[PDB]
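Let's start with one chain on its own, the form deposited in one PDB entry, as C-alpha cells.
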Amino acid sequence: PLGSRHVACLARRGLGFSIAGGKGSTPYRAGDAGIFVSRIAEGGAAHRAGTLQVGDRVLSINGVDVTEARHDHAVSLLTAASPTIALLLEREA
C-alpha cells in the first residue's frame, strides 16, 4: 500500500544509474526542481531489475528524504556504503 509511489531495492562497482536535479544543480526538466532518475546503464542491476525508469522522481534514498536535498548530497547518499540502495520513487504514467 504505497499509493502512487513504489520502491526500488537494489543489491550494492558503480551505481548503474544517474540522477539529475536537486538544489545546487541544473533541473532534470524545465518546470521542475526535484531529483529524478536521469539514466539507467544497460546490464546494470537497476536496468535488469526493471524497477527503475528514467524520469522517476527520487523521494528518498536509504530512508533519507531528499525531496529538498542538494544534488551532490543526494549523490553522496547513493555512493555511501551499504549492501543495498533503497529508492522511494514516484512515477508519471
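Shifts are known only where both forms have a C-alpha. Residue indices: 1-based, along the sequence shown. Just so we're on the same page, rigid core means the largest C-alpha set that superposes within 1.5 Å between forms.
Per the record, residue 12 and residue 13 are separated by 1 to 3 deposited residues that are missing from the model.
Higher mean CA temperature factor, per the PDB entry, when comparing 78-86 with 17-25: 78-86.
Mean C-alpha B-factor is higher over 28-36 than over the other stretch, the pair under comparison being 28-36 and 62-70. Among all modelled residues in its chain, residue 45 ranks in the highest third by Cα B-factor.
In what follows, reference is made to the form solved in complex with a partner chain, a form of this protein that is not presented.
Heavy atoms of residue 20 reach within 4.5 Å of the partner chain in the deposited bound form, making it an interface residue. For residue 75, a non-hydrogen atom is located within 4.5 Å of the partner chain in the deposited bound form, even though that partner is not displayed. Shown alone here, residue 69 lies farther than 4.5 Å from the partner chain in the deposited bound form, counting heavy atoms only.
The Cα shift for residue 31 between the shown form and the other one, taken after rigid core superposition, is 2 angstroms or larger. Residues present in both forms were compared between the shown form and the other one after fitting on the core; consecutive runs of three or more with every C-alpha moved by 2 angstroms or more are 13-15, 29-32.
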